[PDB]
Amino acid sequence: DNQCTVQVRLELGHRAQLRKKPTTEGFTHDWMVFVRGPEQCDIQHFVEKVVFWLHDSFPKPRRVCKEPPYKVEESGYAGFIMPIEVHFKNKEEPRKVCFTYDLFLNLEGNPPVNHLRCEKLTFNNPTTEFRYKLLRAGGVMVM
């Protein structure tokens, strides 16, 4: 009857580089973390918001992006593990997915960091409304 699985893809990533000169605060690095879809996909169809949970050392460390670009750009002096929550426009479970993102910086001398983490999300028997949103985003029905 109505069994199906819908797969969508998310790309998490970050860039970091050593500043030519530290900030007055002693911030050595510029970095950027993001969540995006692959080319020609619009994840905003199924994503309500992305929450980036910065290290307690940052002011207002809960950074919300309710629309693209889903990204945080900062200057700092150390990497950390960053919880990233991708909230879905889904009425039922699952409502979100959480990733533990390793935001690492390039130690002196080393080239800039430019990392990508590809995540495939499998939704089993999504609702009609949420299935609509997944497929509008470029999601694929399996079997």
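From 1 onward, residues are counted along the sequence shown. Definition used throughout: the rigid core is the maximal C-alpha set that superposes within 1.5 Å between two forms.
**Q** With the rigid core as the fit anchor, does 20-28 or 116-124 show bigger C-alpha shifts in 6 other deposited structures of this protein?
**A** Clearly, after the core fit, the stretch farther away in 6 other deposited structures of this protein is 20-28.
**Q** Hey, after superposing on the core, which one moves around more in 6 other deposited structures of this protein, 52-60 or 100-108, CA-wise?
**A** Per-stretch check in 6 other deposited structures of this protein: the more divergent one is 100-108.
**Q** Report the stretch with the higher mean CA temperature factor, choosing between 72-80 and 107-115 on the basis of the entry.
**A** Taking the mean C-alpha B-factor of 72-80 and of 107-115, the larger value falls to 107-115.
**Q** Of the options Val97, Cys41, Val33, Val50, which has the highest CA B factor as deposited?
**A** The record points to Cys41.
**Q** Comparing against every modelled residue in the chain, figure out the third that the C-alpha B-factor of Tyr101 lands in (lowest, middle or highest).
**A** Within its chain, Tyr101 is a lowest-third residue by C-alpha B-factor, going by the deposited values.
**Q** For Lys91, return the chain-relative third of its C-alpha B-factor as stated in the PDB record: lowest, middle or highest.
**A** As the PDB entry reports it, the C-alpha B-factor of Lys91 lands in the highest third of its chain.
**Q** Per the entry's values, where does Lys21 land by CA temperature factor relative to the rest of its chain, in the lowest, middle or highest third?
**A** For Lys21, whose C-alpha B-factor we compare with every modelled residue in the chain, the answer is the highest third.
**Q** Relative to the other modelled residues in the chain, which third contains the C-alpha temperature factor of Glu85: lowest, middle or highest?
**A** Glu85: CA B-factor falls in the lowest third of its chain.
**Q** Based on the deposited C-alpha B factors for this chain, I'd like to know if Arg131 is in the lowest, middle or highest third.
**A** It falls in the top third of the chain.
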